[PDB]
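Down below is the structure, laid out as structure tokens.
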Amino acid sequence: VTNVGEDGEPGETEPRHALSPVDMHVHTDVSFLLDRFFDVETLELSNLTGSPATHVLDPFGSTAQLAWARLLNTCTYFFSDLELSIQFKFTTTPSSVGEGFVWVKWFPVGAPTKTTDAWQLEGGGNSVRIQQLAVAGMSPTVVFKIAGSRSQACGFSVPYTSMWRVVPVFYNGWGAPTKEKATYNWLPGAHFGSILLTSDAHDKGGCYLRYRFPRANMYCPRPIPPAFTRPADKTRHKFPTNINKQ
Amino acid sequence: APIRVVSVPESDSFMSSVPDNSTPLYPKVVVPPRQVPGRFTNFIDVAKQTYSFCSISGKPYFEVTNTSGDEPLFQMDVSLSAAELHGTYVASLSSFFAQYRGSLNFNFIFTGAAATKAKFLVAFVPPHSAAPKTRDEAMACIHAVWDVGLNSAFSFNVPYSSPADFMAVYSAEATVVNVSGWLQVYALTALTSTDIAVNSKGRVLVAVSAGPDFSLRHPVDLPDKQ
Amino acid sequence: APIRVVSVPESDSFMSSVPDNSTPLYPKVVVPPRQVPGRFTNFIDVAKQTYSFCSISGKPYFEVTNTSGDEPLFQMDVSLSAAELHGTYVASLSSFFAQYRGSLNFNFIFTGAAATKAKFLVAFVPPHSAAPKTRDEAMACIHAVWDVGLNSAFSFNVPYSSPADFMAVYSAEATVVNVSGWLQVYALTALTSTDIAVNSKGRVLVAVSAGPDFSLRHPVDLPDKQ
Amino acid sequence: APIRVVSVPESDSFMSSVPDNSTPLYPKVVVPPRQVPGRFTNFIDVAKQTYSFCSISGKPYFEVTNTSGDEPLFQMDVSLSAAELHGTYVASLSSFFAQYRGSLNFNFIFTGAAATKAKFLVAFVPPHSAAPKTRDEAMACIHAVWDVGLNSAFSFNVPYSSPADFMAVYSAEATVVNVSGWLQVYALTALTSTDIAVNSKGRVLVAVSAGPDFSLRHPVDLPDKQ
Amino acid sequence: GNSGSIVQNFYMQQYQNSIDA
Amino acid sequence: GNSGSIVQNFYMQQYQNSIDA
Amino acid sequence: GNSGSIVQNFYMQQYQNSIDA
Amino acid sequence: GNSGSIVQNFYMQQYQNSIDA
Amino acid sequence: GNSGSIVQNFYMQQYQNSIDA
């Protein structure tokens, strides 16, 4: 068909015996593709004592293209809940922590921080401290053991905290009246919260955070980043698949 | 009194796609409304209602001189990881998956002087031979001819024809399911200008719109970066 | 016969906010009635239907002499942890949380001699500049003027205007979401008395009532004491 | 609040035939239609509507000369692992199981010259004696006589008669349940030809159709290969 | 209050909690 | 086929299995 | 989205997720 | 008596307890 | 016989037991 292009809007051609659908597009559905615990991030827990580095659940950064990174940066604004599932890969001899309680405490956008000691468990001597803000209360704590536990993991819901009617991925402006190099693409708390992990462990194991993004709503499309170099002109790119040849 | 149950052997395991959520640790969190327009539910949706420039040579367009004729103008192995279809939205979307079942459309936006005419030919070569290399060989296949001058661009729908209900979003060594063929455009009439002086060459943009029957099935993690 | 089940990996873990109780180890405990009045279900409720003195300097009131004029009378960065709004009910309530979305009200109870008149001006300065420091600078913003003499106090509603649907119940380094601005009151007319002798200064109480659209969302544990 | 349950001792065990599936880790996978004809739901089905050549000597047929008479022509212990019924569809199907309850049918496709006639006799010998070895002994049992010439083949239904409702799909040392007897065919009239010269022998195919009341019950793994 | 699961009444409200009048 | 337990449809048939047309 | 099990609403949708307006 | 859970009758009252007349 | 629990038919009677005629 004769196209009078230039005015944005694409242009189709439609052959004969057009082909019937099947699959129904379905597998390309935004909310659907994003409702699955991904393995994103991975950190080191805290010793009960001393001061913590409040971890922040901001999954709008990307880079290692594990097909979840690109997908989040295909939209401009994003609004979804969250759900996590911490696990904890032992790093040495998995029989050196005969208990390991881990005070996974989640915090909502805006919750204070400064967490020094204030708790202490008294029993026959010794007494082991717990992080002040770590204890239980307002913001949901989960205590799971790292011994004999046939899955040194947990997991829960975390409804959308942030103040913004929707989460802006890439911001063009700044985050604070201190037009500073950093606050560019920052914007005050374009995120899902934090988490403080404290356990008698901290060493002898890591974690593997995870996100389940139920009710993912995406707005304002954006271009989708290639993720693979360019090949040799005229031809195909050849990745070893299920199929392949031999 | 106490119910009787039996754990499956699997039991206390992970499952990275359990159809069912987790325990709601924070509740009653009412959420504020959203007034932003340009929202989407489906990804196919955006690549259907939107083209993207295919990368020929390093640019999104071929040339047309008054010294061509026989030679092919544009060629590429119709598979979602073939050179040209590398940078496109439609092709870059694909790699979150494993399969596609769609005929594609291309639009040829001719950009030469308004005193230029080029006339022309496109052709789809189903897989068999080893790339016809002259229209006289290619015209015996499915092709379309077009005359710039008053049009100001054109559209060609590279259909879907193959024995498999879904093909591969990933290219690999010659399979009956990788390659759907080639896409070719030819100089059915070497370009012309007011003066060969002022107007040397004409160009043409190669934009890729997702076809009207096209869809991606099966999400898949990303391999290595290669 | 036996049902088939599968434990989630999480399983035998704590959960400090599981929407669902525990096992009822004592039962049938009927409980006696309660006849005490002044009961409550909601906390916002009490801070709306009740003011609280803001702590200016160490006291809950500013002065008004017949030697003022230009100078600011009262100023504070409208954020629920700014000095003045530190001791108030409404502000102290807040810290069990993380967010607020409300415009506040203040009431100016003038306490000077009954032979004193002071006339006056209040002003709300949205965030931008660096604190106007003369009414001539401040009057170009939203302000109200009031004349004690027969009134016997006054009320000013510092609204809510900002791009975010909820702000921070905790102050911090300058953010677009911390600061909502300043609240200012001015000497639009230096105080007057029967005799400058008997009546030196007049005063005025600064009481803070929660606004009519104000609410706190998100409970949060308390950090450290600082 | 929390439900009360009790795991059976068994609990966290396997179970290689649990009436109930597993956890659906991939979902919504719509599947394409199938247009292939010649489909089946039941296996008995195919062996009923289909014969298979029984392997006598190494071939699927016996001979008929004009020098026979008394001698038996074909004999085999009617049990689904007896020599002849070894290569047949119906018998090879069987070994995925343990039991059968059916009378079988056989068809005798005579292949001798079109100038040949053979006339003849079949006989079913229920289990008792030790194999009659002359028709004069066998004809006193259930038998059928047939005359090739215009027929062009024949059919004999070896019924099911025994005290057990199901028998063994596996043969073994003489049991009341293994052996159902023998199947025998005889030369009730030694073959004849235009010339004993041109036509020496006539032959006959022994095809095995599953009976009309035949069925296999009980699937069973395969033992060793012997 | 924070008990929005449809299993909270496994133990009927007599055993669960108290009662007033 | 061998799934005669009244719990098989805990996961509705979309997630469970496939679908034809 | 990927939650086709008839147990997802054990926690009613208030505790489960959020709400808009 | 102290059995106010809606699972007590998993075992019907014949197996559960006794019977009088 | 000794099966007075309302869970015995989790596996319908085809898988459970046998059948006569």
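Values as computed for the structure displayed
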| quantity | calculated |
| --- | --- |
| Some residue of the stretch A:163-174 being touching a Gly at 6+ places or on another chain (Cβ under 9 Å) and at negative phi | yes |
| Residue match in the stretch B:111-124 (condition: charged (D, E, K, R) and in a strand (DSSP E or B)) | yes |
| Hey, A:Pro159 of a type outside the set (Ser, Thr, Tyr), farther than 25 Å from C:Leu222 by Cα and surrounded by 17 or more Cβ atoms within 10 Å (Cβ to Cβ) or not | no |
| Residues satisfying the stated conditions in the stretch B:58-96, i.e. of a type in the set (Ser, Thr, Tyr) and either facing chain A (nearest Cβ under 7 Å) or within 21 Å of A:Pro10 (Cα to Cα) (or both) | B:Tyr61, B:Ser79, B:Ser81, B:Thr88, B:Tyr89, B:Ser92, B:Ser94, B:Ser95 |
| Residue count, the stretch C:151-161 (criterion: assigned to a loop (DSSP other than H, G, I, E, B), surrounded by fewer than 16 Cβ atoms within 10 Å (Cβ to Cβ) and in contact with a strand residue (DSSP E or B) (Cβ under 6 Å, 6 or more places away or on another chain)) | 1 |
| Qualifying positions in the stretch A:131-148 - surrounded by 19 or more Cβ atoms within 10 Å (Cβ to Cβ) and more than 7 Å from chain C (Cβ to nearest Cβ) | A:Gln131, A:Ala134, A:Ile146 |
| Qualifying residue in the stretch A:172-194 (condition: surrounded by 19 or more Cβ atoms within 10 Å (Cβ to Cβ) and outside any loop (DSSP other than H, G, I, E, B)) | yes |
| The stretch A:17-31, residues that are of a type in the set (A, V, I, L, M) and either within 14 Å of chain G (Cβ to nearest Cβ) or buried (at least 21 other Cβ atoms within 10 Å of the Cβ) (or both) | A:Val26, A:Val30 |
| Those residues of the stretch B:190-226 which are away from chain A (no Cβ under 14 Å) and either within 20 Å of the chain's Cα centre (by Cα) or part of a strand (DSSP E or B) (or both), in sequence order | B:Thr192, B:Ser193, B:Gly202 |
| Filter pass, D:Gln99 being over 11 Å from the mean Cα position of the chain (by Cα), more than 30 Å from D:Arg135 (Cα to Cα) and touching a residue at least 60 places away in the same chain (Cβ under 8 Å) | yes |
| The stretch A:80-100 - residue that is within 9 Å of another protein chain (Cβ to nearest Cβ) and not polar (S, T, N, Q) and, of those, farthest from C:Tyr100 (Cα to Cα) | A:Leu84 |
| Whichever residue in chain I is away from chain H (no Cβ under 14 Å) and among the polar types (S, T, N, Q) and, among such residues, is surrounded by the most Cβ atoms within 10 Å (Cβ to Cβ) | I:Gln16 |
| In the stretch B:162-189, the residues that are more than 9 Å from chain A (Cβ to nearest Cβ), in contact with a strand residue (DSSP E or B) (Cβ under 9 Å, 6 or more places away or on another chain) and part of a loop (DSSP other than H, G, I, E, B) | B:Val169, B:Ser180, B:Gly181, B:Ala187, B:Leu188, B:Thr189 |
| Leading residue by the ranking (nearest to the other protein chains (Cβ to nearest Cβ)) among those in the stretch A:32-52 that are of a type in the set (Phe, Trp, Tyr) and in contact with a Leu (Cβ under 9 Å, 6 or more places away or on another chain) | A:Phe37 |
| When residues of the stretch B:135-147 are limited to those that are outside any strand (DSSP E or B), of a type in the set (A, V, I, L, M, F, W, C) and more than 9 Å from chain A (Cβ to nearest Cβ), the one surrounded by the most Cβ atoms within 10 Å (Cβ to Cβ) | B:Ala138 |
| Top-ranked residue of the stretch A:69-102 - restricted to ones that are free of Cβ contacts under 8 Å to residues at least 60 places away in the same chain and under 25 Å from A:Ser162 (Cβ atoms), ranked as surrounded by the most Cβ atoms within 10 Å (Cβ to Cβ) | A:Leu71 |
| Qualifying position, being more than 23 Å from C:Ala98 (Cβ to Cβ), in contact (Cβ under 8 Å) with a residue 40 or more places away in the chain and either aliphatic (A, V, I, L, M) or in contact with a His (Cβ under 7 Å, 6 or more places away or on another chain) (or both), among C:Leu183, C:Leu216, C:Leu205 | C:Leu205 |
| Strands (runs of 3 or more DSSP E) lying entirely in the stretch A:93-171 (those with 1 or more residues that are in contact with a helix residue (DSSP H, G or I) (Cβ under 9 Å, 6 or more places away or on another chain)) | A:101-107, A:117-121, A:141-145 |
| Residue within the stretch B:6-27 that is within 14 Å of chain G (Cβ to nearest Cβ), of a type in the set (D, E, K, R) and in a strand (DSSP E or B) present | no |
| Sole residue being surrounded by 17 or more Cβ atoms within 10 Å (Cβ to Cβ), charged (D, E, K, R), within 14 Å of chain B (Cβ to nearest Cβ) and farther than 23 Å from B:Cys54 by Cα, chosen from A:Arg236, A:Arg215 | A:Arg215 |
| The listed residue being of a type in the set (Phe, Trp, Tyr) and without any contact (Cβ under 8 Å) to a residue 40 or more places away in the chain, out of B:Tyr26, B:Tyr61 | B:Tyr26 |
| Breaking point among (1) facing chain B (nearest Cβ under 10 Å); (2) free of Cβ contacts under 8 Å to residues at least 40 places away in the same chain, for A:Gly175 | (1) |
| Condition broken by A:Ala182, with the remaining ones in (1) at positive phi; (2) in contact (Cβ under 8 Å) with a residue 60 or more places away in the chain satisfied | (2) |
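So that you can scan it fast, the table gives a plain yes or no per residue for (1) under 30 Å from G:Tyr15 (Cα atoms); (2) assigned to a loop (DSSP other than H, G, I, E, B):
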site	(1), (2)
A:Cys207	yes, yes
A:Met218	yes, no
A:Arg230	no, yes
A:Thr235	no, yes
A:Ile243	no, yes
A:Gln246	no, yes
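Okay, residues lined up against (1) touching a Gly at 6+ places or on another chain (Cβ under 6 Å); (2) over 30 Å from D:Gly112 (Cβ atoms); (3) among the small types (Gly, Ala, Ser); (4) surrounded by fewer than 19 Cβ atoms within 10 Å (Cβ to Cβ):
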position	(1), (2), (3), (4)
D:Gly149	no, no, yes, yes
D:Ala174	no, yes, yes, yes
D:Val185	no, no, no, no
D:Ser209	no, no, yes, no
D:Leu216	no, yes, no, no
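Taken together, the values in this text are just the output of simple stated rules run on the coordinates, not laboratory data. Cβ coordinates were reconstructed from backbone atoms using ideal geometry, including for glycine residues, and neighbour counts include every protein chain displayed.
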